[PDB]
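# my complex, part one, positions kept as in the full thing:
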Amino acid sequence: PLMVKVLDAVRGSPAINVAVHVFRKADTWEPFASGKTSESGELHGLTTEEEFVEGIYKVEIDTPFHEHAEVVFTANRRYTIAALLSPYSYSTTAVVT
């Protein structure tokens, strides 16, 4: 029900072996799921539909400048959270089907 795809805007490639942390809003953040992006820049199998209940979720992407993406959304369909990384910028898109 939830997938994450990370792309590298400098190289035009998947961002590989990037640590991704997913949190669910308790109201502090409690760890929900995590992994490292694959060769395709993807992270699948983070959760099941049974455990991916309604609530607020945060996707953190931990890769001369340090910045960090934090994607916060209400969920519950299938969700793809895409992020495109640059040294001084990122973009994120949600595809909900």
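Received, thanks. Numbers count the residues shown, from 1 in each chain, chains lettered A, B, ... in the order given.

# going forward, measure contacts and count neighbours with C-alpha atoms only.
Will do.

# restrict stretch A:75-84 to CA atoms and write it as CSV.
Only the C-alpha atoms of stretch A:75-84 are listed here, as CSV (Å, rounded to 0.1, in the frame of the first residue of the first chain):
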residue,chain,number,x,y,z
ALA,A,75,-3.2,8.3,4.6
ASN,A,76,-6.2,6.0,4.2
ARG,A,77,-5.8,3.1,-2.3
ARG,A,78,-2.0,2.7,-2.9
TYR,A,79,0.6,5.4,-2.3
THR,A,80,3.8,6.1,-4.1
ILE,A,81,6.0,8.7,-2.5
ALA,A,82,8.5,9.9,-5.0
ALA,A,83,11.4,12.2,-4.1
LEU,A,84,14.0,13.9,-6.4
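
# how far does it sit from its chain's centre?
Relative to the mean C-alpha coordinate of its chain, stretch A:75-84 is positioned 8 Å out (CA atoms, centre = their mean, to the nearest Å).

# in it, which residues are buried?
Using 16 or more other CA atoms under 10 Å as the test for burial, stretch A:75-84 gives A:80, A:81, A:82, A:83, A:84.

# quickly list what the last one is bridged to.
Right, the one you point to is residue A:84. residue A:7, residue A:91 (DSSP bridges).

# distance of it from residue A:28?
Residue A:84 sits 27 Å away from residue A:28, going by CA to CA, to the nearest Å.

# how about the residue of chain A most remote from its centre, secondary structure?
Within chain A, residue A:64 marks the point farthest from the mean C-alpha position, 23.7 Å out by CA atoms, centre = their mean. Put simply, residue A:64 is coil when judged by DSSP: H, G, I helix; E, B strand; the rest coil.

# correct me, but residue A:83 touches residue A:5?
Yes - with contact defined as CA atoms under 8 Å, residue A:83 reaches residue A:5; the gap is 6.3 Å.

# put this one in as chain B:
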Amino acid sequence: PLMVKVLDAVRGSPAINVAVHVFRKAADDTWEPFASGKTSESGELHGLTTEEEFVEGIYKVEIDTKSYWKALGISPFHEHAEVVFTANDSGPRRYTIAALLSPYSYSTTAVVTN
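To build on what is shown above, here is chain B added in:
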């Protein structure tokens, strides 16, 4: 030293009266409130901080986009647009966080000057 500029990609206009919250990471890893405001008619927010108070650290900028879109009659995806970055670790710099907003997508760009 710290400003925020927000554009609306649905209207092709500045995003006006968008709430922005800035936090700074404290030594014990909590987020302390640092500054807040709302964007002007030009989609800009100035006066968040002074050079004295904007010390080296890790800062989190949250742009309250859900409230913005809903007031426009759009049901958006994200709660906020958010970015975390390290500031002033090579001495004082001036930072503009430039955000481009769509209901299901956003970008945040740091424009850093010396």
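
# please look at the buried residues of stretch A:75-84 again, because chain B has been put in.
A:75, A:80, A:81, A:82, A:83, A:84 (16 or more other CA atoms under 10 Å in any protein chain shown).

# can you give me the helices in chain A?
Along chain A, no stretch is classed among the helices by DSSP state H.

# quick revisit: may I see the buried residues of stretch A:75-84 organised as JSON lines, with distance to residue A:37 added?
Formatted as JSON lines, these follow (distance: CA to CA, whole Å):
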{"residue": "A:75", "distance to residue A:37": "22"}
{"residue": "A:80", "distance to residue A:37": "14"}
{"residue": "A:81", "distance to residue A:37": "13"}
{"residue": "A:82", "distance to residue A:37": "12"}
{"residue": "A:83", "distance to residue A:37": "12"}
{"residue": "A:84", "distance to residue A:37": "13"}
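
# going by distance to residue A:57, which of those residues wins?
residue A:75 (7.1 Å; CA to CA).

# tell me how far the closest one lies from residue B:47.
Taking CA to CA, one finds residue A:75 at 35 Å from residue B:47.

# tell me the residues of chain A that contact chain B?
Residues of chain A lying close to chain B by CA under 8 Å from any CA of the partner chain are A:65-74, A:88-95.

# my understanding was that residue A:66 contacts residue B:88; is that so?
No - look at residue A:66 against residue B:88 with CA under 8 Å: they stay out of range, at 11.1 Å.

# anything in contact with each of the two?
Residues touching both residue A:66 and residue B:88 by CA atoms under 8 Å, 6 or more residues apart in numbering or on different chains: none at all.

# once you drop chain neighbours, what's closest to residue A:94?
What sits nearest to residue A:94 in space, not counting adjacent residues and going by CA to CA, 6 or more residues apart in numbering or on different chains, is residue A:81, at 4.9 Å.

# in this structure that neighbour contacts residue A:95, no?
Yes - look at residue A:81 against residue A:95 with CA under 8 Å: they come within range, at 6.7 Å.

# mind listing what residue A:79 touches?
Residue A:79 makes contact with A:1, A:2, A:3, A:94, A:95, A:96, A:97 under the criterion CA under 8 Å, 6+ apart.

# extend the structure above with chain C:
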Amino acid sequence: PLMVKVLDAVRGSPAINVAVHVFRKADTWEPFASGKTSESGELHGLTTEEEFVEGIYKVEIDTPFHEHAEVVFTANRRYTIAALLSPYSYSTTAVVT
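So, slotting chain C in with the rest:
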């Protein structure tokens, strides 16, 4: 060797049934390939590796404001041209593997 994916940033969905025209630089533009995006917002089978030779290509995406994406690049790997559409903005990303 060449695929195109179109997304809708207002709806968080594939952009479906959007006409896409591909041109190759002759130096005017001559039609190289075209189609309409599928249910997944994708356009596959535009060309074969044999015919996708080195050169300059242009991908045109024809969907109170009218604007139009034109993505121009030198090719020749596999190329994914992604575009994300908004009423007054678009983004495009190239993933080359």
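
# again for the buried residues of stretch A:75-84, chain C present now?
A:75, A:79, A:80, A:81, A:82, A:83, A:84.

# counting neighbours, what do you get for the nearest residue to residue A:57 once chain neighbours are set aside?
Excluding the flanking residues, the one nearest residue A:57 by CA to CA, 6+ apart is residue A:24, at 4.5 Å. Using other CA atoms under 10 Å in any protein chain shown, residue A:24 has 22 other residues around it.

# residue A:87 too?
Neighbours around residue A:87, by other CA under 10 Å: 15.

# what about the nearest residue to it once chain neighbours are set aside, how many neighbours?
Closest residue to residue A:87 apart from its sequence neighbours, by CA to CA, 6+ apart: residue A:65 at 6.6 Å. When neighbours are defined as other CA under 10 Å, residue A:65 has 12 of them.

# ditto for residue A:2
18.

# quick one, what contacts it?
Per CA under 8 Å, 6+ apart, neighbours of residue A:2: A:44, A:45, A:46, A:47, A:78, A:79, A:80, A:81.

# can you tell me how far it is from chain C?
14 Å (CA to the nearest CA, to the nearest Å).

# same thing with residue A:94?
Per CA to the nearest CA, residue A:94 is found 6 Å from chain C.

# wait, that residue touches residue A:75, no?
No - the pair residue A:94 / residue A:75 is not scored as a contact, 11.1 Å apart, by CA under 8 Å.

# and for residue A:86, the neighbour number?
With other CA under 10 Å as criterion, residue A:86 counts 15.

# my guess is it contacts residue A:7. True?
No - look at residue A:86 against residue A:7 with CA under 8 Å: they stay out of range, at 9.1 Å.

# what does chain A put close to chain C?
So chain A meets chain C at A:9, A:12, A:13, A:14, A:93, A:94, A:95, A:96, A:97 (CA under 8 Å from any CA).

# buried members of the residues you listed into ChimeraX, please.
Applying 16+ other CA under 10 Å to the residues of chain A next to chain C, the buried members can be selected in ChimeraX as follows:
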select /A:9,12,13,14,93,94,95,96
